[PDB]
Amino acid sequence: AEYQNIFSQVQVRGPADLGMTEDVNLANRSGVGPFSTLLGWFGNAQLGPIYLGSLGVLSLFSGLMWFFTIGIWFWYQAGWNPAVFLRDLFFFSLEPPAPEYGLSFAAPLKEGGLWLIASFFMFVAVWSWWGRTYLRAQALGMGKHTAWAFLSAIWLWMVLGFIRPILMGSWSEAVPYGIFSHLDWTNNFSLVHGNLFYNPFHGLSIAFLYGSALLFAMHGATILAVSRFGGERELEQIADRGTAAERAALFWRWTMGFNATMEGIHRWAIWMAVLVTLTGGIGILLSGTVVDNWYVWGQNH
């Protein structure tokens, strides 16, 4: 049997890697965490260090407040009973204010107010985290591709719980915080808007989601296939093309008639993934604001 390089055969370890300095404020980096031999069979065994400045503290605090606000509501619904908490965990849900309250914040805590509070914490957590992706890249002198890509995901998220509800005139339009409940919300959304399979942006979003699995399967497999030539050392193959990048390119040129480059494949990758939520956000934002029924819309288009 041939070694497939899915799991490493032997792990090696040296002094903890503290990372590059560049313009980073080292005072904000923790010490290294423990080493995981388990993780090491697949990826890096090293945990940490992590960077936690003020913005990061805010993001984590806010994120946890979001999580705890939902959790306290769950215990409440569970009658504070531990056994009930676990058996009905997926049924609990923190719902938005009723339609009657519009976009106001005058709804009782048990009837929407608490949802607004949790949502506020989540809003701060996500945006401050986005700031983190931008600043950690800046401090290292790197491009801002990660922050820009993250924005696409944020777009769908914003449309779902903020932009669309506001355009629709009520918080009742937003997604509830619950495992099963957000799924019921999803099914209901499609039913009420004439079946999302008729929303062209939903179909595109699906093409890109499937396309992302197709592409990562292709790319991941390709790199592993040429790892025997150092193929995974992508930055250097970009700066100085080796036989790994050439064989990868030719496998595809010979298979489907065209190919990419070591750098270019990553551009196909970032866009394929980013377009999932980009088209999706548009599709959802237009739902109920401009198009009430996609089936009907499709009949006239």
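Counting begins at 1, following the sequence as shown.
Two stretches are in play, 82-90 and 147-155, and the higher mean C-alpha B-factor belongs to 82-90. Stretches 27-35 and 272-280 differ in mean CA B factor, with 27-35 having the higher one. Per the deposited coordinates, the residue with the largest Cα temperature factor out of 178, 99, 203, 211 is 99. Per the PDB record, 168 has a higher Cα B-factor than any other of 168, 217, 224, 126. For residue 199, the recorded CA temperature factor ranks within the lowest third of the chain's modelled residues.
Split the chain's modelled residues into thirds by C-alpha temperature factor. Residue 77 is in the highest one. When all modelled residues of the chain are sorted by CA temperature factor, residue 261 is found within the lowest third. Ranked by C-alpha B-factor against the other modelled residues of its chain, residue 45 falls in the middle third. Per the PDB record, residue ranking by Cα B-factor puts residue 104 in the highest third of the chain.
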